[PDB]
Structure formats: structure tokens, C-alpha cells
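Only one chain is shown below, in C-alpha cells, and it's the form deposited without the ligand.
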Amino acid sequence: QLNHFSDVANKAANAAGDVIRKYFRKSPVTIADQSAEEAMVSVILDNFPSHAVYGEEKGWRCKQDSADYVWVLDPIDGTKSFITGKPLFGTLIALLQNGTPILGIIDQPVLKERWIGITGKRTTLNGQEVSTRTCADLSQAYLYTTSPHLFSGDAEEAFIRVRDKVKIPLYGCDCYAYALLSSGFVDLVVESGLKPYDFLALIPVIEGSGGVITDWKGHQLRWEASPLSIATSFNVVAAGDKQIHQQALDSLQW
């Protein structure tokens, strides 16, 4: 069963990539996003007709009234990158069992880079194991932040506080920032105003690399996709090392 989930997830990512490559650097993004979601959904349900999907394009879909397994998808996380021809958007696929992510993929179909996190296993990039790196103090950290997606003033004040404490503050890049964290190239990623289809896939990838990812209070990030769930916005902080994470929480003062 679990191998089957990984195999189908990879097929779904391959189908999405084939669509996205028809559109990138040729609206095209709306067509690409819709078509890629459809491609993924068809793969998923051909294999697992008792599952549900929740997608960034069309919301909840299930041919039954409920499902134990829900695939939460964003074919193009980073539409602004995609539109401007920058190959740092990604396709996100999460599989949730009873609301808990058990598999997440971050796929860059132009660069041909795929991070896969699966519960029980170490995260891989193109089949090779990856790890976060150790970092003992926030003053030594490499950080990605992005402008608040819902323009929160309070969020910006928190962003200033954390950027002032780190070694190198850099501007983020959607899911790709977290991929680089999971591979050990940066220490901290902070973002405000993300919907669940843009973070759930991240969780198994980061945790299975040895990192940590929570909301800005340090609480578990959780969104139980269901027929009635509402895709609200969340604030996220991810770290390669637990010590740095806690120091970041202290700076966010949330």
C-alpha cells in the first residue's frame, strides 16, 4: 500500500510536469494550472477511486461522502515566478491519512528536481537522501523571508525582527525555499499567509530531512481536508535545527 502511494504520487507529478513544460516560457498560467490539476487527479483516482482530492484550482472532490485519504494539490506554487519565466515555482502534492500528511512532493519540472518526503523514511532529492544542516545560533543563520501574502502590518514587524537577528537574510521563493532548507543550504524559512495546499506537502519533506516546521506560535501545522474544510491562511516557520527554530519563535513574538 505505501509503495503504491509513492508510485502513484510520482506518476501524478510526472503528469503535471509534462503539462507545465508545454506552457512555461510561452492566460497560459491559468490553463497550465487547470490542465495540470486535471492530469494529476486522473492519475490519482484511476489508482485510488476511494480517495478524495483537494486542489488549488477546484477545491474538494470525492465521488463518496467521505474519504480516509485526501490528496491536496497545488500544480503551480509560485505563479508569479512561472509567469515571469523563473523556474523556481513548484508542483506540490500531499497525501493525508485522517488529516495527517504521510507523503509530500516538491517537484520542479523544468529543473528536474523532485523532493519526496514519506513517513518513516528519510527525504530524498532525485532519489538521493538529503539532510538539514546543524546551526546553533540564530546569529549564524541563512534565512528566507517573503513579503506578507495578506499584507499584514503585524507580520511585517515580525519579519523585521527576525531578519535583524540572522547572518544572511534573503528573499524567498515559494516552495523552493523549503526544498533548499531540506537539502541543508539554508537554516530558516518564514512566510505569512499561506493556504494549506502550499504547505502540507512541505511537512513530510522537511521533517523527514531532520527539520522542523510549525506555525508562528510553535504549534503543529494542521489542516484536515474534508468536504466542509475551509482553506484559510496560515503563517509558517521552518528550520533545519530545533535550536534555531525556538530562537526564531522568540523573535516572532507571536
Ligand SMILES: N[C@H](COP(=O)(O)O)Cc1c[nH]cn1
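Here, rigid core means the biggest group of C-alpha atoms that superpose within 1.5 Å across both forms. Residues that one form lacks are left out of the comparison. Heads up: residue numbers just count along the shown sequence, starting at 1.
Going from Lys63 to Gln64, you skip over nothing: the modelled chain follows the deposited sequence without a break. Of the two stretches examined, 9-17 and 239-247, the record assigns the greater average C-alpha temperature factor to 239-247.
Comparing 194-202 with 38-46, the stretch with the higher mean C-alpha B-factor in the PDB entry is 38-46. Across the options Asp174, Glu157, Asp74, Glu113, the residue with the most elevated CA B-factor in the record is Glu157. Going by the entry's values, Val166 shows the largest Cα B-factor out of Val166, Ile118, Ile93, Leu180. Remark: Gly208 belongs to the lowest third of its chain, ranked by C-alpha B-factor as recorded. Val189: CA B factor lies in the lowest third for its chain, per the PDB record.
When the modelled residues of the chain are ordered by their C-alpha B factor, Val70 lands in the lowest third. Sorting the modelled residues of the chain by their CA temperature factor places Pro109 in the middle third. The deposited CA B-factor of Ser229 belongs to the highest third of values across its chain.
Keep in mind the form solved in complex with the ligand is missing from the figure; the text below concerns it.
Among the residues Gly78, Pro101, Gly117, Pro109, the one placing a heavy atom within 4.5 Å of the ligand in the deposited complex is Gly78.
Across the proposed site, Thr146, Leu150 and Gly193 without exception bring a heavy atom within 4.5 Å of the ligand in the deposited complex. Remark: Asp187 does not count among the residues lining the ligand in the deposited complex, judged by a heavy atom distance of 4.5 Å or less. Shown alone here, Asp198 lies within 4.5 Å of the ligand in the deposited complex, counting heavy atoms only. Screening 153-161, 69-77, 136-144, 101-109 for residues having heavy atoms within 4.5 Å of the ligand in the deposited complex returns a single hit, 69-77.
Of the candidates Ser131, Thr119, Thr100, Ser147, the Cα that moves 2 angstroms or more after core superposition between this form and the one not shown belongs to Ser147 alone. Relative to this conformation, an increase of 3 Å or more in the Cα-Cα distance between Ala231 and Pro148 is found in the deposited complex. Between this form and the other one, the CA-CA gap for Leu150 and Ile244 narrows by 3 Å or more, being smaller in the deposited complex. Core-superposed comparison between this form and the one not shown: one run of at least three consecutive shared residues with Cα shifts of 2 Å or more is located, at 145-151.
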